[PDB]
Every structure is written in structure tokens, then in C-alpha cells.
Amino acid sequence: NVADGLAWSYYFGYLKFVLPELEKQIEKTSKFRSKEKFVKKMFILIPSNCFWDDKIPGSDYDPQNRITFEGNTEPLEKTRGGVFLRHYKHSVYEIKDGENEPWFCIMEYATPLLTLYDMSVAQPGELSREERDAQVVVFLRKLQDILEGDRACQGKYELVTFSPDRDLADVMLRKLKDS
């Protein structure tokens, strides 16, 4: 129930209007446009623990330092909720693929998940650590259900679920190859 609202908010307040124009947005940067092996879809990071380092380069998920920040994308300006020209931008990362050419992709954590974690820590009485795990599952399936119902979001995103024990670089490299 609570995860349901977070999934809808994640769509209506973000994904619905940032995914259809994600490809077009990236092309505005020469540094990004001239790039090969750059998948033009949002890789939504969904860790099972619901916690992450807001900074991915050299994060705990990236032990070998194969992931590197390539600068943000052109910020999308949109007026919403009385706030003029609110900024919607994404971070481009560089993933070393051994001796091969490095990979480039947009990586973002599912921000509603941070609410679930913070709730479990700040108010364990409303959301227990056990209850938190259940809502993550609901969130994923609900979000997937919503996005699958949006033709404009078709092939504009990739849900990357992984446990925090996994090497983010390894997990990412597989999905990057599978494209």
C-alpha cells in the first residue's frame, strides 16, 4: 500500500516525462553524443537493502573502482508545483570493461526506496525492517507494472535489481552486454 504510492509518485512525478525524452536529452551534449557503447536508457538501480551511497564513483558497491562519473547530463527544466524551471538531470558514468572499450550509461537509484529505508530507521514502529523488505518487492512489481503500461517508456529504462553484496560493476556489465 505504502510502496504503491511511492511507485506512482516515482512515475507521475518523474519517469513519465523524463524517460520519453531521455535519449533526445543526451544527444544535446557533444561529449556524450560522439560516444560509442553508450546505451541511451536509464538504469534504475534497485538495491534490496534500500540503502546506498548517494555517490556511486568508488562507492561500497564499486570495490574495484571500475565505475567513474562522466559529468551530469543537460538538466531538464520544467515548472512544477509553483517551482519555476525545476531541474531534472541525470549522471553519466564510465564502466571499465577490462581491455575492451569502456561502457557509458545513465545510472540512478530508485529514490522512493530511500524513503523506505529512512522510515525503517527513523520510525521502526510504523515500518519495521521486516515490513520494509516486503514493500520493496511490491514497489518493484508495481513500478514494473506501471512502466509496462506506458508505450512512451518502452525500451527507455532498465530495472537493475541487486543485493548490496554484489559488485555493481559486474552486475552492470552483464545488462550492458545484453543490449
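Each residue number is its position in the shown sequence, starting from 1. Here the rigid core means the biggest group of C-alpha atoms that line up within 1.5 Å when the two forms are laid on top of each other.
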If the other structures are each fit on the rigid core, which stretch ends up farther away in C-alpha terms in 5 other deposited structures of this protein, 136-144 or 29-37? 29-37
Greater root mean square CA deviation, 40-48 compared with 121-129 in 5 other deposited structures of this protein, core aligned: 121-129
Quick check on the record: does 42-50 or 57-65 carry the larger mean Cα temperature factor? 57-65
What stretch has the higher average Cα B-factor here, 13-21 or 161-169? 161-169
So if I compare the CA B-factors in the entry for 154, 144, 30, 111, which one is the largest? 30
Modelled-residue ranking by C-alpha temperature factor, third containing residue 122: middle
What third of its chain, lowest, middle or highest, does the C-alpha temperature factor of residue 133 fall into? lowest
